Every structure is written in C-alpha cells, then in structure tokens.
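Novice: Residue numbers (the numbering used here), protein chains in the order written: chain F, 32 to 359; chain W, 24 to 137; chain G, 91 to 212; chain U, 23 to 134; chain Y, 114 to 223; chain X, -9 to 101.
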Amino acid sequence: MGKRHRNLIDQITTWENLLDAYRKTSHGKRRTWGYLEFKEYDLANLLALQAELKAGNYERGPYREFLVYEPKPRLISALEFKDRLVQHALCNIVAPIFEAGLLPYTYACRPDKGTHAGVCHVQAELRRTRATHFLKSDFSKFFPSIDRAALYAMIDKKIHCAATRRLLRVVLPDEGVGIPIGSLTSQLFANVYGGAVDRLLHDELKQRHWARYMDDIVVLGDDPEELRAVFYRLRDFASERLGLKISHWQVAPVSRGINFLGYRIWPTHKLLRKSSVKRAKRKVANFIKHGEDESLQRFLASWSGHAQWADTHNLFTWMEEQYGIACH
Amino acid sequence: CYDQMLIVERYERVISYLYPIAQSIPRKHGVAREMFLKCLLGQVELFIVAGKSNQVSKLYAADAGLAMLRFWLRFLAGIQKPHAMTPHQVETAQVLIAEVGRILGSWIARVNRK
Amino acid sequence: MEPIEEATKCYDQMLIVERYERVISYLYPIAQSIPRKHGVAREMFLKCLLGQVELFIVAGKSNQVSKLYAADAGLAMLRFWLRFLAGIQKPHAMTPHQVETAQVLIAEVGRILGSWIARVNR
Amino acid sequence: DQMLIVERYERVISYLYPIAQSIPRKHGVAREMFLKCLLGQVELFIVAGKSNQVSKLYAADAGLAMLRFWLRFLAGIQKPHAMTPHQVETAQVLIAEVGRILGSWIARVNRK
Amino acid sequence: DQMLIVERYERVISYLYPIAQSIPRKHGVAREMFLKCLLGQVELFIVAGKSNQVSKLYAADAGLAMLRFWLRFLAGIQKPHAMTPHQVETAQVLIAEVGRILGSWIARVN
Amino acid sequence: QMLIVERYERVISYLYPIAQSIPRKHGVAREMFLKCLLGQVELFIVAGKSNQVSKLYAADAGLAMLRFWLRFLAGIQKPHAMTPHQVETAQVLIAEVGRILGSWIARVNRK
RNA sequence: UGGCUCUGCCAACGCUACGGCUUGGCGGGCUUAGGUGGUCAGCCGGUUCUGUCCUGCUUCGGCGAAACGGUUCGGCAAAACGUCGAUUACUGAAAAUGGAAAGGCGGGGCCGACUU
RNA sequence: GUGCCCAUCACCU
RNA sequence: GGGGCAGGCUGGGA
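1. Mind listing, in chain order, the continuous beta strand (DSSP E) runs of no fewer than 3 residues lying wholly within the stretch 217 to 285 of chain F?
2. Does the contact criterion of 3 or more C-beta pairs under 8 angstroms hold for the stretch 201 to 209 of chain G versus the stretch 156 to 164 of chain G?
3. How is the beta strand (DSSP E) around residue 107/F delimited, first residue to last?
4. Can you tell me the Cα-Cα spacing of residue 199/Y and residue 205/Y, whole angstroms?
5. Which residues in chain U sit within 8 angstroms of residue 209/Y, going by Cβ to Cβ distance?
6. Only counting the same chain, and skipping five residues up and downstream in sequence, which positions put a Cβ closer than 8 angstroms to that of residue 118/G?
7. Alpha carbon to alpha carbon, how far is residue 132/G from residue 52/W? Give it in angstroms, no decimals.
8. What does residue 69/F touch in chain G if you count any residue whose Cβ is under 8 angstroms from its own?
9. Tell me which same chain residues have a C-beta within less than 6 angstroms of the C-beta of residue 269/F, skipping the five on either side of it?
10. With three or more beta-carbon pairs closer than 8 angstroms as the criterion, would you say the stretch 153 to 169 of chain F touches the stretch 277 to 288 of chain F?
11. Indicate whether at least one CB of chain X lies closer than 8 angstroms to the CB of residue 125/Y.
12. Suppose contacts are defined by Cβ-Cβ distances below 8 angstroms. Is residue 43/F in contact with residue 84/F by that definition?
13. Which residues, taken in chain order from the stretch 30 to 46 of chain X, show a beta carbon closer than 7 angstroms to some beta carbon of chain Y?
14. Classify residue 79/W as helix, strand or coil using the three-state DSSP reduction.
15. When the Cα of residue 239/F is compared with those of 160/F, 45/F, 139/F, 113/F, which residue comes out closest?
16. Is residue 159/Y near residue 34/X, with beta carbons less than 8 angstroms apart?
17. Taking only the alpha-carbon atoms, compute the straight-line gap between residue 234/F and residue 130/F and give it to the nearest angstrom.
18. Within 8 angstroms of any Cβ in chain G, is that where the Cβ of residue 134/W sits?
19. Is residue 198/F near residue 179/F, with beta carbons less than 8 angstroms apart?
20. Assuming contact is defined by CB atoms lying nearer than 8 angstroms, are residue 161/Y and residue 115/Y in contact in what I supplied?
21. Do residue 97/G and residue 131/W come within 8 angstroms of each other at the CB atom, strictly closer than that value?
22. Rank 340/F, 176/F, 344/F by C-alpha distance to the C-alpha of residue 272/F and give the top, closest one.
23. As a quick exercise: from 72/X, 61/X, 50/X, 97/X, pick the residue whose alpha carbon is nearest that of residue 165/Y.
24. I want to know whether the stretch 337 to 352 of chain F touches the stretch 311 to 320 of chain F - three or more CB-CB distances under 8 angstroms.
25. Compute the Euclidean distance between the alpha carbons of residue 191/F and residue 195/G, then round it to the nearest angstrom.
26. Roughly how many angstroms lie between the CA atoms of residue 211/Y and residue 186/Y, to the nearest whole one?
27. Taking beta-carbon pairs under 7 angstroms, can you tell me which members of the stretch 79 to 110 of chain F lie near chain G?
28. By Cβ distance below 8 angstroms, which residues in the same chain neighbour residue 157/F in space, the five residues on each side in sequence not counted?
29. State the Cα-Cα distance for the pair residue 34/U and residue -7/X, rounded to the nearest angstrom.
30. Compute the Euclidean distance between the alpha carbons of residue 242/F and residue 267/F, then round it to the nearest angstrom.
31. Nearest-angstrom Cα distance between residue 93/F and residue 294/F?
32. Under 7 angstroms Cβ-Cβ, which residues of chain X neighbour residue 207/G?
33. Which first and last residues belong to the alpha helix (DSSP H) in which residue 171/F is found?
34. Below 8 angstroms on C-beta distance, what does residue 119/Y contact in chain X?
35. Determine the DSSP secondary structure at residue 155/U, reduced to helix, strand or coil.
36. What do you get for residue 24/W, buried or exposed, if any count of 16 or more other CB atoms within 10 angstroms of its CB means buried?
Structure follows, in structure tokens:
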C-alpha cells in the first residue's frame, strides 16, 4: 500500500461489497420495518442502489430525528435501511483506509479493539511504566462539535477518489459543525477526527502511554505537571484546530481510579461504573416485578461477561440478598 | 381489463424465466419445486380472477401470490442440498416480479380510486 | 432508491414470515433427511412447513381475521408434525434436541401470530 | 346447458389431451399441471351444473382462462414448444365454443 | 342414508379400482385423477351423511358426475387403451345404482 | 378436548406403519389414506380452535372416512391387505377417538 | 426424496379393444454466516451513617496524599505496517479517478525467553 | 439509531 | 476534623 486511493467507488459499488453491506446492514435488524420492506426485493433493491451509487445519483434519505434519553438525552437521528446500507457500503472500503492509520492506542469502533481492549491497555500501561499520575479528558459534545470541515481535510487526505469523496459528502455534507450521532459513517469519522488528538499526543507532545476511546482520552504519566501541560497543549489544539471544547478533565494520581469505559481502573484492580451497576440492578429489579425470570438468566449470563473482568460481587451479593435467586 | 392483460403479459416474463429454473430444481427438492411451480403458474389464475372481478381483495390476493413467489426465490436460493435458484436468478426474478408488482400496484390504486 | 414497495405492507406478515423462514430453515433440512420410506409423510410435512408461508402471506394481504386463524391452525398442525416426526416416525426423523429447537422457533412465530391476531381482533 | 358445456369441453380435452401427452418428460410437471387444469375443468363445469350458483360459474370461467394461459405457456414458455401455433388456434376456438356456452350460462343465471 | 350409498359405492370401487389401476402409466395423470375421483367420492358421501347441507349431497352428485366423465374419457382415451367399453357399461350401471340412491336421498331431504 | 388429538396420535401411531407399507402398487390409495390419517389432526385442530359443531362434524366425517379406508385397505388383496386383526384393533383406536368426538359434539350441541 | 408419460427380459393379483396394459421382481439408462441479549462512546444529583485510607511539602500560590489476564518479561525496530514527506517531486498542456522516493516520527512490527 | 467488544442460542465444517 | 477511594441509601433525567 502507498497513499492515494483514487478509485474507490468501483469497490464501493461492487456487487460482492453491496451484498456485504446488505448483510452488515441487516445483521441484528431482521425484525425491523426497514429490513422487512427491503428484504422483499432485496437483490433487486441492491441493484437500484448500486446503479444509484455507481451513477452518482445517490441522495441520502432524511434522518428521522428522535431523542433517546437513556443515560442522558442524545438527539439520535436514525436512517432508512437503504441509507444505512450505503453507509455500510462506504465503511467497507473507506473505513479500513482510515482505521489503518489510527495509532494503536485508539480503541473505538475498530476491529479487534474495543471497550475492553481499552480498559486493558490502560490497566496494563498502568502496570508497566508504573504510572504515578494520569490525565483523563473528554470532549464536550463530541459528535455535535466535529467541524465537518476540518474533518473533510482528513477524509480528503485519504480518499482522493473524486466520486467517493462525493459519496462521503452525500452521507455527511462538508458544511458546519454537527456529525449526526447515530450513523455508522459518523462513528468512523469521529474516531478519525479524535485521531487528530492522538497524533498530537503520540507524534507531537511525545506521549506514548495513552488511550483514546472516541472522545475519552487517558494519558498515564509520572509527573502531574507534564500531564497538565500535555492537556493544556491538547485542549488548545482540539479547540483552535478541531473546535472541540473539553467538558470534563482531570489530572489525578493513579489512586483516584481512571474512569475509563464503564470501569474504574486502578493499576492493580478494576471495578465497574456505579451507573452500570445501578442500571443493571434496577433493570433486573424491574424485570422481577414485571414478570420475567427466564430472560433474566440470558441477561445475567450476558452481564456476567461484562462483570467477569471487573471485581464485582458488589451486585451479585446484593441481588441474592434482595431476591435470594442463585446469581452465580 | 388493460391492466389484467398487461399484468399477465408482464407476469408471463416471470414464468418464462422462472419455469426453466423451476423445472431444473432436483427431484430431491421435489415438493418445494411442485409448490413453487404451483405458485408460479398458479399466480396467473390469481391475476385472472382479479380481472374477472373488481374486488380489490382479489388484487391483494394477487399481491400475496407475488409475495409468496418472492418467498420461493428466497427459499430456493437457501436450500443448500442439491441447490437451486442461484443468487443471480433471485436477482433477475425479483426484477421481473417487481414490474408485475408495479402494474398490480397501479391496478390496486385504480380500483381504490374508483 | 425507495426499495420496491409491495402493496398491502403488513409488518406482522413480514415479521412472521421472516421468523417462520427460520422455522423452515431449520425444519426443511431435517424434513429432507426423512428417508425414502416416510416420503408421503415428508411430502405432507413439507407441504405443511413450506405451505405455512402462504397461509401467513395471504393473511397479511387480507382484512379477514379468518385467514389469521387458518395460519394458527397450520402452526398447530406443524407442531403435530414435530410430534409425528419424533414420536410416530420409525427411524427417528427428528431428534428430541431438534424437536425442542424447532418448538422454540415455532413458538416465536406463534408469539407473533398471537399478537397479530390480537391486534386485528381489537 | 350443463351437459351441453361439458360435451363441448370434451372436444377441448379430446384435442388438448393428445397434445398434453406428447409433452416430453422434461416438462412432466408442467404436463401434470396442465392435465389437472384440462381434465379438472370438467369438475368445475359439473359442480356448477349441479349447484347452479354463479359462484362456480365464474370459477369455471377462471379455469377456462387458465386453460387459455396454458395454451400460451405450452407454446411460448415451454422452451421445447410442446404445442404449435395452429393448435393454439383450433383449441382456442374449442375453448371459445365452451366459453360461449359459459357466457350464455352466466347471463341466464344473472338474469335475476 | 350415508351407509347405503357408501356400501353401494364400495361396489363401484371394487370394480373400478382394479380397472383404474390397469390404465397405462402413459395415461398416468388421468389415472391418478380418476383414482382420486373414485376413492375420494366416498368422502363426498361420508361428509354428506355425517352432516346435512344439501350442498354436500350436490357435491356428491358432482363427484358421481365427474366419475361418469372419467369413464367416458378413459374409454377411448388414446392408443394406449385405458378402459374397455364393456367396463364403462358395467361401471355406469354400478354408478347409476349409487346415483339412484343419491337422487332419492336428495329428494328425501328436499 | 385436546385429548382427542393425543388419543388420535395413537391411531396414527398404529395406522401409519400400516399406511407406510401399502406398496407402490396401491400408491394412490396410500397417499389418500395417509392424507386422511395424518390430515385428521388438522380436522381436530381446526375443531379445537373454533368449537363450531361444523368443524366437529367434519372431524367425525374424517374418522368415518378413516373407517372406510380400513374397510377398503382390507379388501385390497395380496400380502398388502390390512389384516382383519388390524382393522378391528384400529377400529378400537378410532372408536376411542369417536367416543371423545361424540362427547365433544354433544357438549357443544347441548351448550 | 418410497422417482421416470423408461426401456430389455422374465414372471403372474389382475385387466384386456387379443395388440397389449398393469403389477412384481430382474438388469440397464434417466434421475461460515445467523438469531437473541448485553456492553460501551453515553447522566445529573442529594445525603450522612458504615467501611477503609490519606492528612505532607511549602514558594504560601498551590502541588498535594488515599493475584493475574499472555493486560508476560526482555531485546530489537532492518523489513513490512502506520504516519508525515505528498494527492509533493517527476511524467504529461493539464494529473487528468497516473505516480514515487530520500528521509522524519512511531510501534502497530519483529526476534528470542517464559508462559499462554 | 450507530459501531466495537462480549454473552448465549442455532448450525455444520 | 478534614479529605481520597469503596459500599450503601435515596431524588430527579427518565
């Protein structure tokens, strides 16, 4: 491989790729009005979508914008199955040419790196280096602040294909601040966007012990003054370059626990977030006093996987004391 | 009766394409074949009865037949034993049935709009 | 591109078929495994398994609840065929694991059908 | 009438059944389907003669229309054409004659 | 009553079913359709007797008429002879017997 | 009264090995007997999902048609006759289902 | 898929329009994705009881202070990968859906040890 | 609504 | 006493 990338809409619109995009788009959504209305003439619908992409006549359908409010209110704009399919067709050829350049410590929406690989890299990189302190930051409204202009200085430093560059600009117009949260194309463009601060930590600033998950950035250190300087340098950059205000940040010692990704992470141990605990607690509590104790076993087995890492037992005892049911 | 004659003539292209596919299905998938043939050739009677009357329910039963034909393409594409309707053949057939669905759709609207 | 839109778009018939296609996808391979003898029973099972789709689809493209109970009767008949393939067929046809697995898939289609019947009855 | 229609449909069968029997094995299933449409249409006429309700009189008409499609199918969709365009003309005229009795029958019942 | 017609129609079957088995494989579809019309008309009589609708007794008449068609069709069906003209005459007598019982049954209901 | 089906499931369990034995020779009769034996479940199921005496009478007619099949398959000749023991020992199973059907029809008729 | 409207032979329930049909044997031909969950990007508090733990430097501002996942330890970092160089040079009127490299930064990579 | 990771279920290599 | 972690307990967004 070596730069350029100047004929991607040929691969984007390859039948074997749109079938992958169709499979990807339908994976898990096979109970939904979108798939069931599409599944009817599926291979025919892929043909009028291929011929709409391959012609340069694809127009992204309007987001239906509701607001899920669960952990906090977020304006989640969903997309038609045809549009999520086109995003999947783009992020099959366009994603692995951005996700390749992402430094190894970015653990968001990438294959084989995830929520856990992050909490493990932070714990690990906490044991080695024997970090005395740690800077944790977070970007205010990350998706509703991505410049959608300076983003298209990175999505146009890699795509080079004058047609794919126009399909990315039909999916995400290159106008003003605001990447739609609730879009595959968006998770990618945000990890790429946040990857700018990765290069300013790793390349400039020469910070080698760090981790980013989308907007959350841990930077384990040894002095709490260099880490504060690194943040100031990171904040000044992400503000004057990327238009991202830092909502919360903390240069705490590795003693306060690194609230990273649903785990408070010490060098030695690593609990969970109290919110996840209480959410699951109340979710089970409701499920019991609603009338489901067989799907609870499916959930319990699920959450026993999310908690097998954490040093829990601060819920399973609690559950067993509230209802007596044999958790573990 | 323009739409009934048109819808059949357009459906004849589905038959013209799918009957050779339907005849090639191995006797193993024999029941699936005989049911697919009765669904393919039997859709004509659904169109005929729809034209023979004016009830929009008859044009909906024609839509159900076309939906059942679309299922058969999906099903015969799956059947992984002897194997049948290759994915290309489901693609080409879905295009043909869509034009039959298009004329039936305009037909249903003509009846619903008196 | 507006995906090709069939007339009478019923989510219950689309969902029930997609979920019954899983029953077929499971039962059809083991319907085809029924030996040479027991072929009439297989043909009849296959016409009950594959023919249930048409029951659902005609029920969708109809304003008649009568079609919906006929789909329920067919699902009931499919449940008998599991009892027959296991507990009346000679070699084995359907192992009790397969019966339990199919009874779960058919129950999913039964749950959708029950809600569908209820939604229309109201 | 009720046996007047069948006697004229017998002529359709007497003509089409030899054609149906000439259809090669390859198209055995189409033949069995065609034969069940050809020979089974008698039952449609007969059941309409007994109980005279116009219901099965239109079902007999739909069967005749389905038989007319089969003529188109056997000589236009069956790739080894198992019927000649002449035969789709005389048999159509045979079907047209039984269609005329069916038409008059429909009119006589729907007088009321 | 359904028992009398069936017992008399069992005689039709007992005569026609060996003859219906002898129709050549070439005339296979006509055979299997004639066999499904022979055996199968019992069900028309049985359904007519186990219930009461008149229509059921007419559908039994239609089946009997369809069986009479099959005799006249199988007689001189093609070069592979299906049913000898004597067999049609013999069967038509048996079917006439069940036709007479059906007719009296229809009359007694009406 | 889903005891009918469970009790008829033993009629099947008996009359199926002796309907999956009817040779090719008597193939149409076998296909029709199997559709009458195995298809009687649907008659009972449809009767159970409505309670309409009608569907109950059609289940009675099917059992009567199954009784015809016994009488017909007995006189089918050759080694493939349903043995007279089987015609009695299945008329017993069918009578059990007939007695439940009779009580069922009476329960609905005398509401 | 208990096929074949398919043949040769041989039978024998039978049926024959006397040709055969049928039927039985007997050869031959034809016949990895998936589902369902959950995770996380992805709450704001209030409050003290409990448990624990820290309570120094000082410039006087503040800085503070609270048994392993192969998450292993080293060694390397040539190559490949990534990144910048670069949609640059160059080619060509034009990069026009051609197109580098010398480098620079990396660790993502590599090598063994031990364990997985 | 989005993906990543995970759990279970189905299923044969 | 003040902190820091950890566990409850509760109120709202829901």
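Where is the CB? At the ideal position from N, CA and C, for every residue including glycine.
Specialist: Based on what the coordinates show:
1. Whole beta strand (DSSP E) segments, 3+ residues: 241 to 244, 247 to 251, 277 to 284.
2. They touch, by the three-pair rule.
3. Taken as a continuous stretch (DSSP letters only), the beta strand (DSSP E) holding residue 107/F covers 105 to 109.
4. Using only the alpha carbons, I get a separation of about 10 angstroms.
5. Listed along chain U is no residue with a C-beta nearer than 8 angstroms to that of residue 209/Y; the closest approach is about 16 angstroms.
6. Excluding residues up to 5 positions away in sequence, 136, 139, 140 lie with their Cβ nearer than 8 angstroms to the Cβ of residue 118/G in the same chain.
7. Separation of residue 52/W and residue 132/G (C-alpha to C-alpha, rounded to the nearest whole angstrom) is 11 angstroms.
8. In chain order: 93.
9. For residue 269/F, same chain residues with a beta-carbon under 6 angstroms away, outside a window of 5 residues either side, are 228, 275 in chain order.
10. By the Cβ criterion, the stretch 153 to 169 of chain F is in contact with the stretch 277 to 288 of chain F, since at least three pairs of Cβ atoms, one from each stretch, lie closer than 8 angstroms.
11. For residue 125/Y, the answer is no, since every Cβ of chain X falls outside 8 angstroms of its Cβ.
12. By the CB criterion at 8 angstroms, residue 43/F and residue 84/F fall inside the cutoff.
13. Contact annotation: in the stretch 30 to 46 of chain X, no residue has its CB less than 7 angstroms from a CB in chain Y.
14. In the structure shown, residue 79/W sits in a helix (DSSP, three-state: H, G or I).
15. If we check each option's Cα against that of residue 239/F, 160/F comes out closest.
16. Contact: no.
17. When rounded, the distance between both Cα atoms is 17 angstroms.
18. So no, residue 134/W is outside the interface.
19. Judged by their CB atoms, residue 198/F and residue 179/F are not nearer to each other than the 8 angstroms cut-off.
20. In this structure, residue 161/Y sits near residue 115/Y, with a CB-CB distance shorter than 8 angstroms.
21. In contact: residue 131/W and residue 97/G (Cβ atoms closer than 8 angstroms).
22. Each of 340/F, 176/F, 344/F was checked against the Cα of residue 272/F, and the nearest Cα belongs to 176/F.
23. Comparing Cα positions, the closest option is 50/X.
24. By the C-beta criterion, the stretch 337 to 352 of chain F is judged to be in contact with the stretch 311 to 320 of chain F, since at least 3 inter-stretch pairs fall below 8 angstroms.
25. Those two C-alpha atoms are separated by around 49 angstroms.
26. Straight-line spacing of the CA atoms in residue 211/Y and residue 186/Y works out to 20 angstroms.
27. Cβ contacts with chain G come from 79, 80, 83.
28. Answer for residue 157/F: 165, 251, 285, 289, 296, 297, 298, listed in chain order.
29. Answer to the nearest angstrom: the Cα atoms are 51 angstroms apart.
30. Looking at the two C-alpha atoms, the distance is approximately 19 angstroms.
31. Going from the Cα of residue 93/F to the Cα of residue 294/F covers about 37 angstroms.
32. In chain order: nothing, as chain X lies at least about 11 angstroms away.
33. Residue 171/F -> no alpha helix (DSSP H), and no H or E assigned at all.
34. Per Cβ cutoff of 8 angstroms: 58.
35. Residue 155/U is absent from the structure shown; chain U starts at 23 and stops at 134.
36. Exposed, since its Cβ has fewer than 16 Cβ neighbours within 10 Å.
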